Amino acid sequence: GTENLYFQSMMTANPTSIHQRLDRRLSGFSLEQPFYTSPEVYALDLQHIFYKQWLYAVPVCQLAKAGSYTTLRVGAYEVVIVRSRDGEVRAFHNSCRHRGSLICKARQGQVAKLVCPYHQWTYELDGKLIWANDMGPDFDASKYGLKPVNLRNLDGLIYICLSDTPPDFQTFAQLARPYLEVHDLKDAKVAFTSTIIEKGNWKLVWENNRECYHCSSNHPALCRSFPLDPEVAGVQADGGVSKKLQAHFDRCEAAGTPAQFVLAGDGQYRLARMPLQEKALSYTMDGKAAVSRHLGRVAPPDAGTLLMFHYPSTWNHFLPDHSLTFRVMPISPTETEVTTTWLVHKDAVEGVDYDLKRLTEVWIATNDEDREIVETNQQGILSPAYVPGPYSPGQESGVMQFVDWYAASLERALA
């Protein structure tokens, strides 16, 4: 399979020479092999991208209850996110300060205190070490609380940053709020979660995500509701919006629902509320709303889909009736974890207000089709005969946009 091909390919690969490769890179072409296949570049992507930027973790509604927690792995980091006694959500390194053990072993739960399973060093929900057995009179517990992790709440969506010197989150947060607040995500519940591993590099997952050049042949279910128009998927709107699209933005905004396409100065994130195809209202097989009790106050009913990406961790679709978040996490040079979360109103009842299959089938199928595509792409790229090829200017503008953001971010980090 791909794991073998990965080993085979790295055996004869030329040196990574990253500065030389970055120097000769042209924006209109796919990346040279080792960006997608080498452990050297993968290590740089972890150190300089995933461990330095803000990352989407989970919806805040998963931490609704007192003492609730959820855990996730980011690269080699094990993080626990908890609702503290004061109602604040905080994140910590899930590593006991005694001898290093994980403290929370389950993916989610509720606790009164964080108690290490090894020797029961006990921490308060704010990270403070409040009991350590028989450590002697010269032990200073104030030096041994859990190590915090930088955390922000983006209007009901929890973001974290593993750096001691996180970049600016506030510009993004301020920009996004008008678009997100109308979805009332703090009042959501998780209706379903799907976690899959795709056997391709995280950048291949993103390049695939940032175009619909592949969609008509590969996504029969999605194409019923999501338009193939390159302006929707891509970033050609940044230079100017078509009349048809602006007319949609205006219908939304006349109705009080922010829609207008906005792209970060540095290209890290984009928000836009795009029309669905034809008469579709939601990502379903019949095109109608999946949930009869809407999540948020979006108007009009055919307001379409709020697209939001924030590199490197997340793309999202916020519809009038429900919302979907996607989290991208690196597993190895040729493996990527994608977590899709369906959010519905907290009072929407499964079997009454929505049907689980009807709610999820379209994107379950789509993700599976994307995974197959990404994996097939990865296998060809592993050939030593692979060379960069040209992106379509009309169909892949969004791919070039992502690859530029990635290369610039890496260049800056290596400076």
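We call the rigid core whatever largest set of C-alpha positions still superposes within 1.5 Å between the two forms. Residue indices: 1-based, along the sequence shown.
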| item | value |
| --- | --- |
| Of 16 to 24 and 399 to 407, which departs more from this form in 5 other deposited structures of this protein by CA RMS after core fitting | 16 to 24 |
| Across other compared entries, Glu88 missing in at least a third | no |
| Unresolved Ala237 in a third or more of other entries flanked by modelled residues | yes |
| Stretch with the greater mean C-alpha B-factor as recorded in the entry, comparing 65 to 73 against 381 to 389 | 65 to 73 |
| Entry-level comparison of average CA B-factors, 146 to 154 and 335 to 343, reporting the higher stretch | 146 to 154 |
| Of the residues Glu207, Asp321, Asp184, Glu278, the one carrying the largest Cα B-factor as recorded | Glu278 |
| Peak C-alpha temperature factor (PDB record), options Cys104, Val262, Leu162, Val190 | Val262 |
| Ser9 CA temperature factor, ranked by third within the chain | middle |
| CA B-factor ranking of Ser17, expressed as a third of its chain | highest |
| For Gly136, the third of its chain into which the C-alpha B factor falls | highest |
| Where the record places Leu359 (Cα B-factor, split into thirds across the chain) | middle |
| Assigned third (lowest, middle, highest) for the C-alpha B factor of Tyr269 | lowest |
